[PDB]
Amino acid sequence: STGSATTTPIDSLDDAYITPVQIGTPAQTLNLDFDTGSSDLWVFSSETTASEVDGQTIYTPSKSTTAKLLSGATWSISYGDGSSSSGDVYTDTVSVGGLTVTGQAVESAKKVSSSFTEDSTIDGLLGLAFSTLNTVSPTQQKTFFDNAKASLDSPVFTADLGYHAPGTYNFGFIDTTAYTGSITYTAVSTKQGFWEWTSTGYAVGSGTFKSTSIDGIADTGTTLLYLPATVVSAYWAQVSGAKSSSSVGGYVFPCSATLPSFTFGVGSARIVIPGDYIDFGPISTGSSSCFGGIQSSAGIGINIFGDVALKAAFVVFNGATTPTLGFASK
């Protein structure tokens with residue numbers, strides 16, 4: 001089997017991407033944030049505290065003839081950005097772009113943190129990291145990809161995120177028309193439950209390439225590119241007027257400035273992030289100060305190849321017995 005779904009930016013800045021997901025019988029369609037940095041499929045639901053729902057589409061298990069309470073099961077997650085949610089668990093039929101999993105754990109939110117409430121466009125998350133990170137207790141549950149894997153034509157999914165435009169998640173096949181040149185594959189460590197890999201280095205604009213190992217995760221659920229402070233400093237030093245602002249919480253720059261590209265290495269291959277991808281607009285309405293899309297990972301404890309990086313590539317998440325990651329230009 002295969003599946004193929006369009007993923008759509010939630011706003012004009014590509015702050016996140018939502019993908020429609022069918023849950024239950026008859027189908028309830030929710031727009032979920034596909035997140036290769038976590039491993040829970042959780043949704044706004046009829047069980048969510050009423051005051052914490054503000055425009056989201058909810059899953060109502062009682063209206064699904066295939067929903068079954070996973071008795072005794074609870075879940076609770078906190079994300080790197082300080083947000084969180086928790087609740088109980090159902091199993092139900094879940095379909096993505098034609099690909100159907102029966103008995104998928106659907107984690108129903110009783111509580112969500114304010115950032116989730118305040119974002120009307122995201123109805124939940126669909127985690128695509130390794131199932132070892134799944135928070136369901138007492139019995140850890142598998143991700144949608146893990147459940148589908150054996151049935152897929154090939155045990156892979158791909159992320160093709162657009163810049164200020166829709167893109168595609170495919171399951172079970174590699175669309176050879178979706179990228180240029182070849183796909184370069186690189187090793188993955190699953191020891192922290194992430195799609196964790198080591199970039200071979202970077203360049204800033206037309207600058208020479210710096211060969212240096214950068215361990216990080218391929219994370220569709222994180223908006224920006226978070227790299228070591230040395231790397232980030234070298235980037236913004238090439239932007240006139242750029243500065244790190246403690247009050248804003250990162251590098252900002254005047255919108256009149258031209259942003260250089262940023263290149264990262266995948267083995268001997270090179271992925272070029274155009275400068276425009278690194279502009280996240282005014283810090284506040286009407287401000288001439290713009291927020292940067294490359295920021296320091298210092299104090300996160302890990303480097304994160306988020307959407308800013310991934311949307312410059314066609315990315316293969318290869319779930320073979322030994323997982324690997326593939327990157328192509330496009």
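Numbering of residues begins at 1 and proceeds along the displayed sequence.
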Practice task
With rounding to the nearest 0.5 Å, note down the distance linking OG1 in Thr93 to CD1 in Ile23.
Solution key: 10.5 Å
Problem - Residue pair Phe157, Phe144: steps toward the side-chain contact (heavy atoms from CB on, under 4.5 Å) verdict - result: CA-CA 11 Å; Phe157 66 93; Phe144 175 80; over 6 Å; no
Exercise for the section: State, to 0.1 Å, how close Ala129 and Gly193 come at their nearest heavy-atom pair, and which atoms those are. Expected result: CB-O, 3.4 Å
Completion exercise
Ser1 and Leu99 have their tightest heavy-atom pair at OG-CD1, 3.4 Å
Practice task
Taking atom types as modelled, find out whether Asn318 and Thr324 have a side-chain donor-acceptor pair closer than 3.5 angstrom.
Solution key: yes
Practice task
Begin from the C-alpha positions of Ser211 and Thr200 and carry the test side-chain contact (heavy atoms from CB on, under 4.5 Å) through to its verdict.
Solution key: CA-CA 6 Å; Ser211 291; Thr200 49; over 6 Å; no
Handout entry: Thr36 side chain to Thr220 backbone, donor-acceptor under 3.5 Å
Key = yes
Practice task
Check whether the side chains of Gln104 and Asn147 place a donor and an acceptor atom closer than 3.5 Å, and report yes or no.
Solution key: yes
Practice task
Tell me, please, which residues at least two apart from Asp215 pass side chain to side chain donor-acceptor pair (under 3.5 Å).
Solution key: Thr198
Practice task
Examine the side chains of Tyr59 and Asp92 and answer whether a donor and an acceptor come within less than 3.5 Å of each other.
Solution key: yes
Problem - Donor-acceptor contact present, side-chain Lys330 to main-chain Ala313, <3.5 Å - result: yes
Problem - Pair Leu325-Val315, side-chain contact (heavy atoms from CB on, under 4.5 Å): steps then yes or no - result: CA-CA 7 Å; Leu325 275 172; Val315 190; 4.2 Å; yes
Practice task
Check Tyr185, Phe305, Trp197 against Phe327 for a ring-ring contact (aromatic ring centres under 6.0 Å, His included) and give me the one that passes.
Solution key: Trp197
Problem - Side chains of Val21 and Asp123 in contact at under 4.5 Å (non-hydrogen atoms) - result: no
Exercise for the section: Go through the structure and list residues passing ring-ring contact (aromatic ring centres under 6.0 Å, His included) with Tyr202, not counting sequence neighbours. Expected result: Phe262
Practice task
Would you check if the distance from the ring center of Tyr17 to the ring center of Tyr169 is below 6.0 Å?
Solution key: no
Problem - Check: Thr49 side chain, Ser51 main-chain N or O, donor-acceptor pair, under 3.5 Å - result: no
Practice task
Please determine, by modelled atom types, if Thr135 and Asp40 share a side-chain donor-acceptor pair under 3.5 angstrom.
Solution key: yes
Problem - Shared hydrophobic cluster, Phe253 / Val248 (ILVMFWY, side-chain heavy atoms < 4.5 Å) - result: yes
Problem - Sole candidate of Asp119, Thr121, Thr7, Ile122 that passes side chain to side chain contact (heavy atoms under 4.5 Å, CB included) when paired with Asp33 - result: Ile122
Handout entry: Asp307 (side chain) donor-acceptor with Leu310 (main chain) under 3.5 angstrom
Key = no
Exercise for the section: Tell me, yes or no, whether the heavy-atom count around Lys210 atom NZ, taken from other residues, nucleotides or ligands under 6.0 Å, exceeds 12. Expected result: no
Handout entry: Exam field: side chain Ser131 to backbone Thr143, donor-acceptor pair closer than 3.5 Å
Key = yes
Problem - Same apolar cluster (I L V M F W Y, side chains within < 4.5 Å links), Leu128/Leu133 - result: yes
Practice task
Decide whether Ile283 and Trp236 are clustered together by the hydrophobic rule: side chain heavy atoms of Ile, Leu, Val, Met, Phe, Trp, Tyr closer than 4.5 Å, transitively.
Solution key: yes
Practice task
Kindly indicate whether the side chain of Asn303, heavy atoms from C-beta on, has any atom under 4.5 Å from the side chain of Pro228.
Solution key: yes
Exercise for the section: Determine whether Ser329 and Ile271 make a side-chain contact, defined as any pair of heavy atoms from C-beta on separated by less than 4.5 Å. Expected result: yes
Exercise for the section: Determine whether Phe130 and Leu152 fall in the same hydrophobic cluster, where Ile, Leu, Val, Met, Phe, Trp and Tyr are linked whenever their side-chain heavy atoms lie under 4.5 Å apart. Expected result: yes
Practice task
List the steps and the verdict of side-chain hydrogen bond (donor to acceptor under 3.5 Å, both in side chains) for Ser83 and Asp81.
Solution key: CA-CA 6 Å; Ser83 69; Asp81 65 345; 2.8 Å; yes
Problem - Co-membership, hydrophobic cluster, residues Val272 and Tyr163, 4.5 Å side-chain - result: no
Fill in the blank from the handout: Scanning both residues in full, the closest heavy-atom pair of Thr48 with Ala109 reads OG1-O, 2.7 Å
Problem - Check: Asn134 side chain, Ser39 main-chain N or O, donor-acceptor pair, under 3.5 Å - result: yes
Handout entry: Side-chain H-bond candidate by donor/acceptor type, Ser62 with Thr60, under 3.5 Å
Key = no
Completion exercise
Value for CG (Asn31) from CD1 (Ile10), rounded to nearest 0.5 Å, stands at 11.0 Å
Practice task
Taking all non-hydrogen atoms of both residues into account, name the closest pair between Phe173 and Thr158 and its distance.
Solution key: O-CG2, 4.0 Å
Exercise for the section: Starting at OG of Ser297, measure out to CG of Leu224 and round the result to the nearest 0.5 Å. Expected result: 12.5 Å
Handout entry: Flag, side chain of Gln22 to backbone of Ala27, donor-acceptor distance under 3.5 Å
Key = no
Practice task
Using ring-ring contact (aromatic ring centres under 6.0 Å, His included) as the criterion, list what pairs up with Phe291, not counting sequence neighbours.
Solution key: none
Exercise for the section: Output the distance between atom CG (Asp219) and atom CG (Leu225), rounded to the nearest 0.5 Å. Expected result: 11.5 Å
Exercise for the section: Decide yes or no for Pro323 and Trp195: does some side-chain heavy atom of the first lie under 4.5 Å from some side-chain heavy atom of the second? Expected result: yes
Problem - Non-hydrogen atoms of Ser38 and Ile77 that approach each other most closely - result: CB-CD1, 4.5 Å
Handout entry: Student check: side-chain heavy atoms of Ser84 and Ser76 closer than 4.5 Å
Key = no
Practice task
Look only at the side chain of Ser296 and the backbone of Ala298, and say whether a donor-acceptor pair between them is shorter than 3.5 Å.
Solution key: yes
Problem - Rounded distance [0.5 Å steps], OG in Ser233 versus CG in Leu227 - result: 12.5 Å
Practice task
Measure from the side-chain N and O atoms of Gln56 to the backbone N and O of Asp54, and report whether any donor-acceptor pair falls under 3.5 Å.
Solution key: yes
Exercise for the section: Give a yes or no answer on whether the side chain of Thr66 reaches the backbone of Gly24 with a donor-acceptor pair at less than 3.5 Å. Expected result: no
Exercise for the section: State, with a plain yes or no, whether a side-chain heavy atom of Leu161 is found less than 4.5 Å away from one of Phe34. Expected result: no
Exercise for the section: Taking all non-hydrogen atoms of both residues into account, name the closest pair between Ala242 and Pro254 and its distance. Expected result: N-CD, 4.1 Å
Problem - Spacing of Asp279 atom CG and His164 atom NE2 [to the nearest 0.5 Å] - result: 7.5 Å
Problem - Heavy-atom side-chain proximity of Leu259 to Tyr235 below 4.5 angstrom - result: yes
Problem - Heavy-atom side-chain contact between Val106 and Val43 under 4.5 Å - result: yes
Practice task
Quick one: do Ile217 and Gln192 satisfy side-chain contact (heavy atoms from CB on, under 4.5 Å)? Show the steps, please.
Solution key: CA-CA 10 Å; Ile217 68 171; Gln192 296 189 92; 5.8 Å; no
